[PDB]
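Next up is one chain by itself, shown in structure tokens, the form solved without the partner chain.
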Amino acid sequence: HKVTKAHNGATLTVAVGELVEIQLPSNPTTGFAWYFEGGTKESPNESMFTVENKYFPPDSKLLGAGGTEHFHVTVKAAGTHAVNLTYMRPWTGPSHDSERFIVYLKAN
């Protein structure tokens, strides 16, 4: 249901059609955000799962303060689907020190 950085590498057992909410700290003032490979918020495969994403600025409204990206992942097919995100500047792409997040959605 509700997935955070704490769940990195975890498998969630879900139904096809079930929405999985992933919440990750994200600070757009860094230029970094969470992306699928290629630097998009779009699902790598719409047939496998659908992804919606929203940034929530911090309640504090403090300048430079990080907020939270929420990804709503809806599994569309049975199987174990890797939701593979990387915290990167989309103009830079990933590197060996990029923060990464993965959750597996074991779907039926």
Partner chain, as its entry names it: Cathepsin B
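Residue numbers count along the first chain shown, from 1.
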Average Cα temperature factor in the PDB entry - higher stretch of 96-104, 5-13: 5-13
Mean C-alpha B-factor comparison - 73-81 and 22-30, higher one: 73-81
Residue 49 CA temperature factor, ranked by third within the chain: highest
Among modelled residues of the same chain, the CA temperature factor third for residue 58: middle
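The following text describes the form deposited with the partner chain bound, which does not appear among the structures shown.
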Any non-hydrogen atom of residue 79 within 4.5 angstroms of the partner chain in the deposited bound form: no
4.5 Å heavy atom contact, residue 45 and the partner chain in the deposited bound form: no
Contact of residue 18 with the partner chain in the deposited bound form (heavy atom, 4.5 Å): no
Contact flag, residue 98 vs the partner chain in the deposited bound form, heavy atom cut 4.5 Å: yes
Members of 71-98 lying within 4.5 angstroms of the partner chain, judged by heavy atom, in the deposited bound form: 87, 89, 91, 92, 94, 95, 96, 97, 98
